[PDB]
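If you read the sequences in order, they're chains A and B. To convert, note that position 235 of the first sequence is 260 in PDB author numbering; the numbers rise steadily by one, no gaps. To convert, note that position 278 of the second sequence is 303 in PDB author numbering; the numbers rise steadily by one, no gaps. A short worksheet on the structure shown next.
There are 2 protein chains.
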Amino acid sequence: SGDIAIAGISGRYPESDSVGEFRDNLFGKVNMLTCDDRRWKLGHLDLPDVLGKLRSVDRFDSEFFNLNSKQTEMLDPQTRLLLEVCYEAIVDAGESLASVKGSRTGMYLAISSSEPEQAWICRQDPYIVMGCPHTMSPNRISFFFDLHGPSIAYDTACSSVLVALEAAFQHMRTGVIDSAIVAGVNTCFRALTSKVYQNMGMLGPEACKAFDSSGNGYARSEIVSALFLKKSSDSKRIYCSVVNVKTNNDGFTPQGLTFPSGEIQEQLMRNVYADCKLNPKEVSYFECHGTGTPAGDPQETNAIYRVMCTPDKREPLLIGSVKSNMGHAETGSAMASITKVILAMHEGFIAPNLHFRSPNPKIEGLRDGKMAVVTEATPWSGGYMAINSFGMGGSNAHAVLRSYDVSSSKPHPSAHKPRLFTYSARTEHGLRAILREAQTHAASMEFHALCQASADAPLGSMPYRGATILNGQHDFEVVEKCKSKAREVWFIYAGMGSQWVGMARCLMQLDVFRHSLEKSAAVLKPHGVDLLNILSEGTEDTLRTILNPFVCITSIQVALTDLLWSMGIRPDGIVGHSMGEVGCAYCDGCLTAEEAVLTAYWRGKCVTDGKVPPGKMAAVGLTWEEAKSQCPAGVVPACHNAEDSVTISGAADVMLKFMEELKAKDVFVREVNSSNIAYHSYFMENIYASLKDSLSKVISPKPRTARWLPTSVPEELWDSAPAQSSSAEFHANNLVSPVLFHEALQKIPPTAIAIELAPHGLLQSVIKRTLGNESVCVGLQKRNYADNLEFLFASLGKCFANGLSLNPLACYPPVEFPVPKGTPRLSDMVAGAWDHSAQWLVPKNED
Amino acid sequence: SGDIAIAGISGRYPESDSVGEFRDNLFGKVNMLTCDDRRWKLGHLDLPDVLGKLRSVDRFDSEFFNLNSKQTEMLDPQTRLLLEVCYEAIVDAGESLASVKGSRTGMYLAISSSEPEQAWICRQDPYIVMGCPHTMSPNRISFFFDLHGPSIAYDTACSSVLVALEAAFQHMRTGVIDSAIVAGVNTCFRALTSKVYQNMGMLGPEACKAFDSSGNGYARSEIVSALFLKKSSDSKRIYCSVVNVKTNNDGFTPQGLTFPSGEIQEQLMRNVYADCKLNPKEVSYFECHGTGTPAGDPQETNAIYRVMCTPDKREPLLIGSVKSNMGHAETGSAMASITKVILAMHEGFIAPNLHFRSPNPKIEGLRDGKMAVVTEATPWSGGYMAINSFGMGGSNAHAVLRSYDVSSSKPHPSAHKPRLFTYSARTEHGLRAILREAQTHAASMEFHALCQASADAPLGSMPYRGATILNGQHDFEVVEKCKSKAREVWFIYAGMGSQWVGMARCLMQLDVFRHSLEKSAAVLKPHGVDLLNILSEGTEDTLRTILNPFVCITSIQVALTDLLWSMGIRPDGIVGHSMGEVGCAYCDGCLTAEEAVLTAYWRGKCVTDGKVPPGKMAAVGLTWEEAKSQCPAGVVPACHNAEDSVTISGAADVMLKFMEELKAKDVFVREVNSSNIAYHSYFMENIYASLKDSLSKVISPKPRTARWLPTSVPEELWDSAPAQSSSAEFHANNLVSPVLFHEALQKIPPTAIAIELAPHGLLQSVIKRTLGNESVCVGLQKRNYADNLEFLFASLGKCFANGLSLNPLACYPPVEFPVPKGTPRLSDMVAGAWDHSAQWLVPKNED
C-alpha cells in the first residue's frame, strides 16, 4: 500500500480563526478559554464561567458555496464553517476545486451536537432536513466539492476524529479511495448541555489541568477543523505520514460505563505498534487525551508508561495535552491534537502545556523521570509522534504519525528572481492581504508553486483578481473586481519603428524567450546575420540597415509569442501592422518560427538588393479620405492607423515638401524611421516579384484561421483565395498594399484585453483610443525602460486582474513536488479572505 | 480471509415484536402501517394518518441489563429495545452472555434520532449524558456484553445500516475483530420531525408504493433490529454469507443534494461485483431501496437494469421492496431489507410486495420483462441476493449476500428419542412458552443443541428455571422460581435391597451408561460373572445369590455416576449406605471403576465362600437406643436409617422370634432381602480377614475427600487414619460395622439437592424426611417403572428447575456445527420471555 500523507490542514479554534493564530496562541502560552457572554449570560445556571469559544459562528460566504439565504439560515453553523475549512485544507494541500472535482475522495466527519435542530425544529422549515441532520454535514461537503468516496458522520464521543481517521486510513489502504477529508466539529450553543455535564461532575471550574494534581474535570470548548489526506506519491505537500490508527472499546468496567480502562487502552496501543511493526520506544512525543480528570489522567499515563517507556529507552518520553491550552472540544477534540502535532512537525518545536504546576503523584512515569511534561517550547528533531483520544463510553482510539523531514538541498534557481504572483479572492481586502503574504514569502518558490496550483477557480467563484511582483525593485499591486463574463484576448503585432538598441537584453533572462531567439539566430546564421550580437551588442547604426530591423522585430515577436504560450495565454483574435503580419502568421500556426524569421529576412534582403529610390514615411493628423485627397503626386496613404492618424509614404523630396505644407496648416506631422524606404507604396511594386519568388522557396502555404484579421487586404476581400492562405503571395502583397489597421481594430470588442507584441509598444495610444475606455491595452516591452521583465509582469498582472487566465510560473523551471518541510501554510491566508459581510442565524441559548 | 456469516438475527418491526411475527405479516400480506394515536393525535399538524409503529416502546427488562430505574428512565427507548434485541440475536446464533464476554466483538450501530435528548434535556438530569447521545447506544451494548471491538454510531441517513455492515465486514476481513453486532434503529416520537419531512414533499399519504406508477413519497416507520456476525468456521448457525459491501456518494447533482444519481449508483454496483469477482447475472433476487418516489424508483431500477440484466441473463431479475409492507424506517431501513432476505434464504420463499398495481412506465426492466416485481410468495432455490440502501444526502450502499444451503443428509440419531429440555427465563409465562416451543420442535436435535449452547446464563440473571421431556410418552413440565444462591448437590449411594429384575434395560439406551456397564462386564468376565446377561436376562432366582446383587448394584452405581458426570453434574457431598460406600469411593476418585466392581465382587465372593450361618435383616420402627436396649442376644442394630427407623441384623431363628415380638407390640417390621445373610453384625467378623486380604490385592489406597461423609465410621473417628483412606481395611470394616446413615444425613444442608444413585430409589422417603421440606430429593430409577429414561429425565429436570446446572444433551451424540439450513429461530422465543412488568419514560410529542 502507498504511504498515506496529511497533505493539507485548516481550522477554527477558540480565539483562533486559522491554524496560524492557533499556533501563535499555543507558542505564546495564551489561554484560549475565555469568560464572556458570547453563548449565554455569565453565571447562567451556575455554570463554569470558562468556555472555549470560536470568535465567529454567524459568518459564512454562502454565495461561494452556491447556497441561497433560506438554505443558509437553516444550515448548522458547524457545517457552514466546515465548508470554508474544507476549502482552506484543499488549498493548503496545493489542490483546487477543479483538482478534487469528480475524485474518489472520501468525507469522514466527527459530529455529535444536534443543538441547531433542537433550537430550530419548531419553525417547521423544510430546509432543516437538508441543514441540521448529522449526515447532511459530510454529504453537503461531498455535494459541493463533487466527491464520490464514502460520506459518513461518526459518533464515538471524544474519540470520533481518530475513529473517522481509522476509517479513511483503511479505505485508502484497501484502494476504496485515493484521497480523504477527515474532519471534526463541536459547538456549545445550549447552556443545558453544559448543565447536564456539570451535574455528571465532568466539568472543572477553570481549565483542563492535564497531569496536574489539581485536575478536577475538563472545560468545554468549540472546534471546526479538517485534514486533506492523499497518497505520498500524489501529494504536492506532506506534513506527515499516518503510520497506523486503531480503535477498541473498554467493554465492561466494574466502576461504571464512564470509567476509563487503562488495561484496554494498553491493549489497543500494543496492537497498533505490533500491526505496523514499529517499536513503541521510537515515539519521542505523545499527545495524550489528557482531560485533567483525577481518574482519567493516571489510567491513561500509566498505560502509556507500560507500553512506551521500555527498559532500554534512555530519553524520557515527552508528553502533552492541547486541552490544557484550549479546553476539550469533545467530539472534535483530536483535531486540536493532530493540529498541534502537525505544528510541531512543521515548526520543529513542541508547544507547551498550560496549568501544570504539581505532577499528579499517581502518574508513575513523572515520578521516576521516564516521562516529562512539555512546559516550554521544546525542540523536536523528527521521527514519530503518538495521539490518544478516548470516548466517555469506552470507545478508545490511538494514532501514530511520522514527520516529513525532506529538506531542499539547494534554493530554486528562481527563488530570488522577479516573479509575477497572481491570485483571486472573494473580497478586495482578502486579496490585498494574500498579495502581502506572498511578498512576505517572496523567497519561497515552493510557496508560490502551491499558491499557483491551488489558484484554479472558476471566473465567477472568485470575483476579485489581482497581482504583485515578488523580488521586484518597485512596488506593484493591481486589484480589480472582475465580471463573470470572459473577455476576448487579442494579440496585436506592431511593425516598423518598434526596434531599439538593446531591445532583447532584459527578457533573455527567461529561458523560453532566450531559447526562441537562439533558434531564430541558428536559422539566420547561414545567411550571414548574427541575430544575438545585433540584439545584445547592436548600436543605433546597426539598426539603420534595412535588413536588421526586420529580423529583430520578427524574432522578438516569435519569442514573445512563445513566452505567452508557455504561460497558457492564447489569443481569441490576431491583428498585424505591416511586417507584424509575419508575427500574426506564426501565432495563427500558418508559419513555423523558421519560416517566419526567413520571411522577415527575405523581405529585408529583397528591399536592400532592389536599390529602391530614396523614400520617406510620416504619421500625419489626417483622416484616410483627407490623406487620399491631399496627397500630392508621388505620395500615398500607406497606413490607416486611427480615424485621425494616417502614415503617408512616397518619394523623399515630395514627402519633405508635403510634410512642411502640412506643418504650415497646423497638421500633426511625425517622420517614421523607415531607413529611407517608402513602404506600402508603388515603390515596393518593383520588389514584389523578387520577394514572391524568394518566399515561395520558404513558405509552405497554410489556411489563415478566423482569429487573424488581415490588414493587408480590404474586408470585402477577406474570403478571397489570396486572403484565405498565408502564402508567399500574401506576404509579398503585404509589402505593397496599404495597412488597413483601423478597419481591423474596429472589429475588436470594446471589452477586449489587447496585448501588443513588439520590442516597444508604439501602438498603445492608437489601440486604447480605438477600443475605448472599457478595454485593457498593454505592451510587453517599453523602449529604454529600466527593467522590461518587471514591465512585462506588470502588463500581464494588469491583464490577469482584468480576467486573463495565465500561469506566470511557467516561464521559470518547475518546482518538484512534494515541497520540502517548512514550506509556509496556505490555509491561513484563505481563512482571512472570505466574504463575511452577511450575518446568519445561530442557535440561541434556552431561556 | 475466512467467509463472514450472519449467524443470528432479531428485531422489533411495526406490528411485529419478533422476526417470526414480521415473517407472518410479510407472507400474510399484512400492511404493517397503522392509523392510530400511539405517537400523536390523528390529524395533528395535517400529517399523514399512516405511520409504521412498534407495538411497545415503554417496556424493558432493566434488571437483566443491571440498569437502575434512574438510568432506565433517561435511556433512549431505541437503546432499551436494542439491548434486548442484541441478546436475542446472540442467543439466535447459539451464543450466550458467557461466550461473548471479553470477545473481540465490534458494535456497529445505525442511529440518527436525537428526539429523546430533545424531549428530556430540560430536566437537567445527569443520566441523560449516559442515556441519549448516539455514541452511548453502541457503548452501552459493548459495556453490558463486555465487547472489546470498535463501538461506533453511524449516520448516512437511509443507508446507515449497510455503511455499518461495510465497516464490520472490513474489520472482520482485516482481522481487527472475530465477530460483530450490526444494528439499526429508528423511532418517530415527535410530530414536528414528520412535519419537516412532509414540508420537504418526501411523505406519501398512504404507503411506500414501490415500483408503482402511483408512487408519491414514502411512509415513515420504526425499527429496532440487530445481526450477529461471525466467521463461518466459528459459527453454530449460518443464515447467509456476506459476499461484499461497498459505499460511495453521488457528489454534485445539478437537480440538487436530495436528487438520487442512478449513474453513481451504477458505478457503486459495478465496483461491488468487480471487487469480489462475481458476475452480476448470478443475483436472482434484488431487495431494492424502493421508497415509492417518482424520481428515486426509476433512477435506482434503471441503474440495476444496466448492471444486473446482462444480455445473456435468460431469467428475469426478481425485485422487491420491504418498504411496501412496513414503510420506510429511515436510518434503520436496511435492517428490514436484510431480515426479509434472511427470511427468504431460510424459508425458501420471497415475501411479496404490497401496493403494486400498475408498473411505473419509466422502469425499463419492467416494460421489457427483464425485471419482475414479486407480488406473491415466490419460491427461491438459493444463490445470491443483492440489497440497495441510498441516503437522502447521496450516501449510497450496496450489499451482496449468499444463501447457506447445507442440508443434513440424515436425521440425528437422537432426533426422535426422549430428551430432557432445560431452559431459564425472566418470567414464568415466558418460560412456559419456551418449553411449548421446544415441544413444537421436538424432532429437531439441532434446535435443541442451539438452545442448550445459548442457555449458559448466570443463576441470578434468569430467575425462572424449568424443564420438559421431548418425544416422551407422558407430558412432563416443571417450572420453579430459583433463589440466586447456589444449592449443594449430594450424591447418596443406596445399598442392598435396591436390586430388581431388568434394572439396567431402559438406561442401556444411553451410550455412556451402556459403555460403563460393558467395561464392568469385561472386568467381571475372567471371574465367571456375565454381568450383562444378569442385568438383561436375569430372573428373581438370578438375584437370590449373595454375589449377583453386589456386582449389579455397584456396576449400576458406577454407570449412573458416569452418566451424571457426562452431563456436568458434580457432587458437593457424598454419602453411602452399606455397600453404597463402594460407589462413594468411585465418585470421590478413591477407586477406579475396575477397583470398585472388583471390591463388590470380592465382598460377595468372600461372604459366599465363608459359609456364614443363616441370618436375617429387618427394618423396624425403633430409635437407635431403643434398638440397642430391646435387641435380644444374637441380634444387633445394623443400620441407623432415620430417627424412627433402624435395620436390625442377627441369627435367623432369633430374628424371626424378635420380629414377631415387635409386631405383637404394634412396632413396624419389614424384612429386608439380604439373601439370608446377617450383614453389619458379628457374623461378618469371620469374613473380615479373607475380605481384607482379597481387597489388598485390588485396591490402591487413596485419601478420601471432605465431600464423602463415611457411614461405616463414627463421626469422632472421621479424622482417624483408617477413615482418611479408601483402603482394603476401610471396605472390609464397612461389612462388619453398623451403617451410621442418619448421622451422615444430618450433616446435609436442608436446602440441598439430594440424588439417590441406585437401581431403585429405596431411600427416597428416609432422605426426604431427614432433610425436610426445603430439600429436593430424587431417585434416578424406580423398580418396574414403565420408562426409567423418562423417570431419570423427570428427576434431573426437577433438579434443574431447583438450581442444578447440567447439559442434558451430553448423554447423546453431539450435534455438528454449523446447523443445517431451516433450523428454527431462537430469537422469537426470547423476545416473548422478557420481564415487561415495568413501564418506562418515553418522549412525548410536542404540544
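Cβ atoms here follow ideal geometry from the backbone N, Cα and C, with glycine treated the same way.
- [ ] Return helix, strand or coil for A422/B, following the three-state DSSP convention.
- [x] In the structure shown, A422/B sits in a strand (DSSP, three-state: E or B).
Task: Simplified DSSP state of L72/B, which is helix, strand or coil - done: coil
Open item on the list: Let me check understanding here. Comparing Cα to Cα, which of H380/B, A777/B and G629/B lies closest to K717/B?
Closed with: Checked all of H380/B, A777/B and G629/B; the closest Cα to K717/B is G629/B.
Task: Residues, ordered as in the chain, of the stretch 177-188 of chain A that lie near chain B by beta-carbon distance below 7 Å - done: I177, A178, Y179, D180, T181, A182 and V188
- [ ] Measure the Cβ-Cβ separation of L51/A and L368/A and say whether it is below 8 Å.
- [x] Their beta carbons are under 8 Å apart, which means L51/A touches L368/A by this criterion.
Open item on the list: Would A182/B and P158/A be called neighbours here (beta carbons separated by less than 8 Å)?
Closed with: yes
Open item on the list: Check whether the stretch 279-290 of chain A and the stretch 371-388 of chain A are in contact - that is, three or more C-beta pairs closer than 8 Å.
Closed with: No, the stretch 279-290 of chain A is not in contact with the stretch 371-388 of chain A.
Task: Min CB distance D203/A to chain B below 8 Å - done: no
Task: Chain-ordered residues of the stretch 138-169 of chain B with a beta carbon less than 8 Å from chain A - done: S139, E142, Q143, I146, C147, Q149, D150, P151, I153, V154, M155, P158, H159, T160, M161, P163, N164, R165, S167, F168 and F169
- [ ] Please list the partners that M197/B has in chain A, where partner means a Cβ-to-Cβ separation under 7 Å.
- [x] Ordered by position in chain A, no residue passes the 7 Å Cβ test against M197/B, which lies about 12 Å from the chain.
Task: Cα-Cα separation between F816/B and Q806/B, rounded to whole angstroms - done: Near 6 Å, if we compare the C-alpha coordinates of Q806/B and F816/B.
Task: According to DSSP, residues forming a beta bridge with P404/A - done: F374/A
Open item on the list: What residue range does the alpha helix (DSSP H) around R295/B cover?
Closed with: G287 to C301
Task: Secondary structure of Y38/B, DSSP reduced to three states - done: strand
Open item on the list: Looking at the secondary structure, which residues open and close the alpha helix (DSSP H) in which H473/B lies?
Closed with: Counting along the chain, the unbroken alpha helix (DSSP H) around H473/B starts and ends at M470 to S479.
Open item on the list: Any C-beta of chain B within less than 7 Å: which residues of the stretch 219-236 of chain A qualify?
Closed with: Hits within the stretch, in order: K220, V221, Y222, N224 and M225.
- [ ] Just the C-alpha distance for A402/B and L391/B, rounded to the nearest angstrom, thanks.
- [x] 19 Å
Task: Contact between the stretch 738-751 of chain A and the stretch 635-643 of chain A (3+ Cβ pairs under 8 Å) - done: no
TODO: Put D634/B into one of helix, strand or coil per three-state DSSP.
DONE: Three-state result, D634/B: helix.
Open item on the list: Checking 8 Å against the spacing of the C-beta atoms, do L720/A and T795/A come in under that value?
Closed with: no
TODO: Decide if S406/A is buried, meaning its Cβ has at least 16 other Cβ atoms within 10 Å, or exposed.
DONE: Answer is exposed; the Cβ neighbour count stays below 16.
Task: Endpoints, the alpha helix (DSSP H) within which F214/B is located - done: Per DSSP, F214/B lies in no alpha helix (DSSP H) segment and is marked neither H nor E.
- [ ] Throw me the rounded Cβ distance for the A584/B and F538/B pair, which I believe falls under 8 Å.
- [x] 5 Å
Open item on the list: Please return the same chain residues whose Cβ sits closer than 8 Å to the Cβ of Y489/A, not counting the five positions on each side in sequence.
Closed with: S449, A450, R451, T452, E453, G455, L456, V504, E505, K506 and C507
Task: Backbone secondary structure at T564/B - three-state DSSP - done: coil
Task: Reduced DSSP secondary structure (H/G/I, E/B, other) of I494/A - done: strand
- [ ] Spell out a yes or no on whether the stretch 414-429 of chain B and the stretch 184-200 of chain B are touching, meaning 3 or more CB-CB pairs, one atom from each, closer than 8 Å.
- [x] yes
Task: Contact under 8 Å by Cβ, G520/B with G605/B - done: yes
Task: Neighbour list for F277/A in chain B, Cβ cutoff strictly below 9 Å - done: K126, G127, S167, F168, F169, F170, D171 and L172
TODO: Using DSSP bridges, identify the partner residues of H540/B.
DONE: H540/B pairs with nothing; no bridge assigned.
- [ ] Mark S43/B as exposed unless 16 or more other C-beta atoms lie within 10 angstroms of its C-beta, in which case mark it buried.
- [x] A residue is called buried when at least 16 other Cβ atoms come within 10 angstroms of its Cβ; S43/B meets this threshold and is buried.
Open item on the list: Taking its Cβ as the centre, do 16 or more other Cβ atoms sit within 10 Å of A193/A, making it buried, or is it exposed?
Closed with: Label assigned to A193/A: buried.
Open item on the list: Given this structure, state the Cα-to-Cα distance separating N798/B from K220/A, to the nearest angstrom.
Closed with: 57 Å
TODO: Compare the C-alpha of residue 1/A against each of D337/A, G352/A, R129/A and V366/A and name the closest.
DONE: The structure shown does not extend to residue 1/A, since chain A is modelled only from 26 to 872, so the question has no answer here.
Task: Option nearest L866/B by Cα separation, candidates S176/B, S309/B, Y152/B and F446/B - done: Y152/B
Open item on the list: Could you check whether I571/B and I673/B sit closer than 8 Å to each other, using their CB atoms as the reference points?
Closed with: no
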